[PDB]
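Included below are structure tokens for two forms of one protein chain, each presented in isolation as structure 1 and structure 2.
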Structure 1
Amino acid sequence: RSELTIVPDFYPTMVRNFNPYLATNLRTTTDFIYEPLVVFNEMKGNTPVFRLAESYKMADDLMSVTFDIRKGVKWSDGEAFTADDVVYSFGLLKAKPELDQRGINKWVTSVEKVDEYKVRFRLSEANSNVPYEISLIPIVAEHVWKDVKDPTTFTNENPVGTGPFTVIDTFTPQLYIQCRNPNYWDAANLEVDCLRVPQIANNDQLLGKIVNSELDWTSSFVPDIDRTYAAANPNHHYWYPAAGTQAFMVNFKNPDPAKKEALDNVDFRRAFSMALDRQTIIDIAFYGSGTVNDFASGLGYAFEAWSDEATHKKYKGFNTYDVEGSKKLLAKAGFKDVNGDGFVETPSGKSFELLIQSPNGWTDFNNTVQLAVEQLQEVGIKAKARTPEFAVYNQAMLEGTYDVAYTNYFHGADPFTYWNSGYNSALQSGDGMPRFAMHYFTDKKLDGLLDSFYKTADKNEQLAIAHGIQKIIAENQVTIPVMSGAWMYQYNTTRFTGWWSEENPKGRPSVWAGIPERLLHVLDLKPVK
């Protein structure tokens, strides 16, 4: 039996939860258990790869879109996958908005069933990118979920899915094995029998295992990769294609008076920013992987084609290592040390210590925070590194109780994914939504520009919109962008072949939940002969 050992996420222990709509689920639920209608290859310019749906047609006015369901597709329990499943799934999100992870309810007014295998989504507002948005909404089995009294707490321990791996062959607190859907519609293309998911708590436990060659597919941070991982075995390979932005997010509505006086001050945010030595952070914390990001808008040099150089040039200084500039700005802004501790107090003389959070176990982020704390001390800003578990880290953000948080973002073929997910105020409310836009800075015009991006197909018009977004975010120094990272990815050729690589760059190689292309990737693998 071919078992692919994968690590899409860390856990202190394995807790059986296969609900695709819950943040507490196992990260092998979406894609592998519940296959999407279409998987967009974001690397290749967002090209749709059709799976459960054979085709779709967006109406010319961009106010609706139809999807043709592939016939002959079955759930793991033998029942047919039809339009009823799709209709029910979005109806569920309407019934329980906390299960709405994309904020899709705002855009989709209704989801009508045209026929057994055809559904039509009607929008509340024009969005040519709705197909992509729809593709990220998990679709569950209506014949099963309609009998579930409360979907919000349903742990779905014995999942019925459309994906390649639905059989829970083994489940212990330290390991679970997800095997082949006995009724998989694409069985002929699946050459991996089981997904082996061992329990790993953090980067330290992961390093020990990966160098010992007991893992096949991973996307974790690995220090000194060449010496410690690559040079240790000819079967140890990796490929780090460029990815999105990473930055420090500040909470504009921190409940502490002193902290809010600091964080909700553009001059302080710029001074915080200038204190950071971005290159040293990349060299030290990331071992030279990644590039400096001195775009106040967080755009990133990779997307320079979308940048208005003038805007970049004007705020670039506030996003460049400059100790003197930082200290001079703080003083001019009225931030001074009035109690002799070497740290600046707020203009009204209040003391404060910024708690910078980064998830426990994410050592590359943890090290970045500590480096940042030390760099901030140099400019007189008091800070302390905190490493709460991801759940806590994430929660403190959805509830706005955190101070500052270092985080990465998802990355698409253009800056929209980043700008929209990291700034659309519509994504700042609602349980079930990620952390990305939870800084609580809001602007009507910004939201308007963002929401207008896919209302037109005119690239020159989209560029004009991009420029407008850039300036508003840059002008307000909403976050403190630091760098553009990469899709960390490590593969072992000891047991399987067919992996994506620089030589075979089929798309984002990550195995993390949220990278739907992982379904396509796993379907390219085959055990060694």
Structure 2
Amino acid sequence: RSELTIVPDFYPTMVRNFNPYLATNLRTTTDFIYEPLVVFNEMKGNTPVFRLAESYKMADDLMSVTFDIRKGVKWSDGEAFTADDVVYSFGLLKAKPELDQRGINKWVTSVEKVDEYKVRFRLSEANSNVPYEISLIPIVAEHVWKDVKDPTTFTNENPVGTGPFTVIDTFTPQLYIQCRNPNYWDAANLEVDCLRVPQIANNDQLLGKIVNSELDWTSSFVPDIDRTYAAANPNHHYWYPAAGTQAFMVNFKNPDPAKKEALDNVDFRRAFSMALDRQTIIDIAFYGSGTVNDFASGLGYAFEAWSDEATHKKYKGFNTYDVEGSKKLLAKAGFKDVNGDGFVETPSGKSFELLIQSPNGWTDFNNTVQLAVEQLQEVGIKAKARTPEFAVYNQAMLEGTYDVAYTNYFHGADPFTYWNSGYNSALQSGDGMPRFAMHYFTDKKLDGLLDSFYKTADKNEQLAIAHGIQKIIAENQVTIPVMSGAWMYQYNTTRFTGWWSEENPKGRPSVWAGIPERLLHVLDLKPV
């Protein structure tokens, strides 16, 4: 019996709840207990990997999509998994929207049974991203939940699932073990017998147990990881691939004529960007946990699959640490120190200072701004750090009164989330809008491409649209991308091999609930 010790989440004690539709439950329910129809491998162009369903096909009118259920799969119950399950699950969520945590009801008007192994989702809007959203919705057993009178309080203590681990072998306040689904449709590929889940309340307890080498799969913050964890045992490894993008946003419509002259000048934005030492910002402010983002478009290395490598290389130098190139471009653009103070004045000769915003209390971001100032000062740019409370820091962006601001962004399964929220002009106005697109740069074509990204299910066409967005953003150096956050993930080779890593980058390695790829990951694990 091979047991794999995982820590998808911390708890003060173990409470037996495997209801996939409750916000508060056990983090080993989705993906291990209830297998999705498809798990999309986001790190790899968001390519779908077929599980419970064999295939899906959107109509050319993109208002509906059908999935073909794989024949022969069973519930740990012994019962057959069919379209009836899919239809029932979505109906349950449609009828009781509070069970719909992802808000799928927004997209799916109804789910109909085409036949025992084929289901059709009807949509309320043309959107080729719906199959992806559908993949994230857990499917339960109709023959079981139909008799569940209260799905909103049901704790599902003796789960009947389609996933690899459905048997609750041990359950106590300090530990639970979830073992192999005896009817698992893909048992041949499952070599781990059980999931050993130890109760760990916080980072302190995890650190102590992880350095002792008693864990296999974790996704927790580990302080001074090279010293504490890595050097304690040669089987101690970790891999932190790229995540969400972080950057300095410049205000194109700065109300101060002098500042605008600088910010609303592509060459100045490029100079500003060449002065930054990205790797140092990651090593100092973020303790080495992050990835350099030298994409002018901010695409980042989490989506290198979508990148037009030519557009990347063409502007990559404007987003690389280059002190002398910076001083030179500024010189060429007219930004000269006429005053004699050591700081560059606008080309029309006006003096200026740039206030760089970061929310009060966000230490890593505050330190980043402080480093940016020191670095900007080396190229003649006068900048000063400021740390207003988030509300003010946010209002200043929505009102367009700020100069420069460091910020992170949401991170999607593909570049869309970043590019749309961060650059779509329609988001720069209206009541209740976030700060993400508030740089006030506008371009009718760019918007056109963003609004068409999901208006085609033709991958290569979509891919072309991606390249089109990338070129517009990069050539205008709209913002100054700095880094990509890190996906937390540590693995131990003492008991298993096959782990994903920098050397074997099959996908997002985290063990967290919310990372569907974890199912494919556990399947690559082989005991020692």
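Only residues modelled in both forms are compared. Basically, rigid core = biggest C-alpha set you can superpose within 1.5 Å across the two forms. One-based numbering along structure 1's sequence throughout.
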Q | Rigid-part membership shared by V478 and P257 between the two structures | A | yes
Q: Return the inter-part rotation between the two structures: the angle in whole degrees by which the smaller rigid part turns against the larger, from C-alpha superpositions.
A: 57
(Q) Can you give me the Cα shift for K94 between the two structures? Core-superposed, in angstrom, one decimal please. (A) 1.2
Q: For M483, tell me the Cα shift between the two structures once the rigid core is superposed, in Å to one decimal.
A: 6.8
Q) What Cα shift, in Å, does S358 show between the two structures once the core is superposed? A) 16.7
Q.
Using a 2 Å C-alpha criterion and requiring 3 or more consecutive residues, which regions move between the two structures after core superposition?
A. 245-286, 290-453, 455-484
